[PDB]
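1. A structural model of the following input is requested.
(one chain, ligands or ions: 1)
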Amino acid sequence: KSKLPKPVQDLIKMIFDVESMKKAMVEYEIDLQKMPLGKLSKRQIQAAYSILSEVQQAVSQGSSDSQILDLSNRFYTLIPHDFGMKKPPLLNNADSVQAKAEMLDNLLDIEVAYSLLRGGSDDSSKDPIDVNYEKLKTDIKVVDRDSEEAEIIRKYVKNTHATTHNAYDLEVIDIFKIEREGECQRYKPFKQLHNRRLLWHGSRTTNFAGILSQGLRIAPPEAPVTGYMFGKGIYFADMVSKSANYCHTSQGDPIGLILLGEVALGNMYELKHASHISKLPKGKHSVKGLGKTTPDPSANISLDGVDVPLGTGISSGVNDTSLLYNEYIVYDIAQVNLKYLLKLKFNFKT
Ligand SMILES: Cc1cnc(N2CCN(CCCc3nc4c(Cl)cccc4c(=O)[nH]3)CC2)n1C
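-> Numbers count the residues shown, from 1 in each chain. Next comes the structure:
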């Protein structure tokens with residue numbers, strides 16, 4: 001029997017659940033009879049990204065539906081979908097490419113989680129929770145509810161839920177302080193950079209074994225750059241509800257996970273609309289997608305020398321922008337230092 005605290009044991013069970021991995025793949029319309037969990041590989045995912053890039057080029061060249069058919073079919077040959085003896089839907093537009101790129105990003109984290117479960121040793125005398133915990137190479141500790149850091153974190157959740165995201169309310173169940181092995185050392189060239197901020201990152205429950213073991217990663221070179229609003233980087237929000245939407249929780253699964261990370265933004269490149277960039281302009285360290293609403297800047301507080309934008313939402317003064325709320329993007333994995341992990345209960349009003 002494990003000596004780990006009960007909330008840590010529940011987190012490990014949740015993140016390594018095989019049935020949840022299968023459920024995420026069904027949601028993606030993947031044919032599990034043709035492509036089961038165990039048959040998924042890095043090689044196949046990479047080849048699928050490369051076919052999406054071929055679809056992206058054909059779309060930008062203004063190719064007809066008859067011309068795109070062979071390229072669309074190629075993607076389905078690599079990643080089999082659930083359609084029986086029917087023709088699959090045509091991937092003839094930008095929205096299609098973006099939906100499929102997002103699915104492949106998720107498959108990469110699911111493949112990592114399954115590879116950890118299969119690639120080790122079997123010993124019945126050890127508690128499986130302890131065995132799976134060690135595979136994460138992350139120190140996980142419970143933050144005391146009555147502590148100062150828990151008070152600041154609860155305030156950030158309470159103040160940054162947008163009015164436009166009123167389909168649900170959030171309840172903080174557990175707060176974990178996290179320390180990925182070697183991340184602190186990796187972050188050292190950016191530890192004293194200006195504009196360091198504590199920001200949110202929401203993701204499906206099935207991605208968290210991949211995130212804790214490998215950290216937050218950028219889409220690979222094979223991936224189509226137009227399938228990402230501001231190119232291939234790591235995306236964050238200053239509004240808890242903007243990131244919580246990306247947990248993809250529902251009435252049938254109302255528990256989700258969210259990260260709080262220290263991001264070294266430095267000199268920000270401020271944008272109002274889509275820009276599928278390969279590299280940042282000289283002297284820039286990040287992208288700031290300018291939102292119509294921003295947390296109140298006079299309510300900005302400091303937690304261990306890092307700025308926490310926990311103010312209530314007010315007008316930014318920015319006109320004619322495609323974003324309702326801010327977003328922040330970094331293009332170097334070393335610019336992120338993961339600090340906390342929150343387990344949230346979603347109370348749906350719909
Ligand atoms: C190689 C690799 C491994 N796993 C990945 N994926 C997995 C999927 N994950 C989705 C992130 C979702 C998200 N999007 C946001 C946007 Cl678009 C704006 C503002 C905030 C957010 C936010 O909090 N979460 C991306 C990384 N990749 C690319």
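
2. any idea how far the ligand is from the residue lying closest to residue 326 once chain neighbours are set aside?
-> Distances taken as C-beta to C-beta, 6 or more residues apart in numbering place residue 291 nearest to residue 326, at 4.1 Å, with adjacent residues excluded. (C-beta placed from N, C-alpha, C; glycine too.) Distance from residue 291 to the ligand, counting by C-beta to the nearest ligand atom, to the nearest Å: 10 Å.

3. So what's the residue count around residue 291?
-> When neighbours are defined as other C-beta atoms under 10 Å, residue 291 has 23 of them.

4. is it true that it touches residue 321?
-> Yes: between residue 291 and residue 321 there is a contact under C-beta atoms under 8 Å: 6.9 Å.

5. pretty sure residue 9 is touching residue 128, no?
-> No: assessed by C-beta under 8 Å, residue 9 is found out of contact with residue 128, at 10.3 Å.

6. give the contact list for residue 338.
-> Contacts for residue 338 were tallied using C-beta atoms under 8 Å, 6 or more residues apart in numbering; they are 178, 180, 183, 211, 215-216, 259-262.

7. Could you look up the SS state of it?
-> What DSSP: H, G, I helix; E, B strand; the rest coil gives for residue 338 is strand.

8. what does residue 123 give?
-> coil.

9. element containing the residue nearest to it when sequence neighbours are not counted?
-> Computed as C-beta to C-beta, 6+ apart, the closest residue to residue 123 that is not its neighbour in sequence is residue 131, at 7.4 Å. Residue 131 is part of helix 128-135 when elements are defined by DSSP states H and E.

10. so who does the spatially most central residue of the chain touch?
-> Residue closest to the mean C-alpha point of the chain, counted by C-alpha atoms, centre = their mean, is residue 203 at 3.9 Å. Each residue near residue 203 by C-beta under 8 Å, 6+ apart is listed here: 109, 211, 246-247, 257-259.

11. what do you get for residue 137?
-> Residue 137 makes contacts with 180-181, 212-213, as judged by C-beta under 8 Å, 6+ apart.

12. Who wins on neighbours among the residues you listed?
-> Neighbour max across the contacts of residue 137 (other C-beta under 10 Å) = residue 212, 24 neighbours.

13. What count of nearby residues applies to the residue in the stretch 251-350 of the chain that the ligand sits nearest to?
-> Taking C-beta to the nearest ligand atom, the ligand has its nearest neighbour within the stretch 251-350 of the chain at residue 327, 4.2 Å off. Residue 327 has 21 neighbouring residues, counting by other C-beta under 10 Å.

14. now the one 4 residues further on
-> The local packing of residue 331 (other C-beta under 10 Å) involves 19 other residues.

15. Can you tell me how far the nearest residue to it once chain neighbours are set aside is from residue 278?
-> Counting by C-beta to C-beta, 6+ apart, residue 331 lies nearest to residue 233, which is 4.5 Å off, once chain neighbours are set aside. For residue 233, the distance to residue 278 equals 11 Å [C-beta to C-beta, to the nearest Å].

16. Please apply the same query to residue 88.
-> Note on residue 88: its distance to residue 278, by C-beta to C-beta, is 31 Å.

17. So for those two, which residue has more residues nearby?
-> Using other C-beta under 10 Å as the criterion, residue 88 and residue 278 rank with residue 88 on top: 14 against 9.
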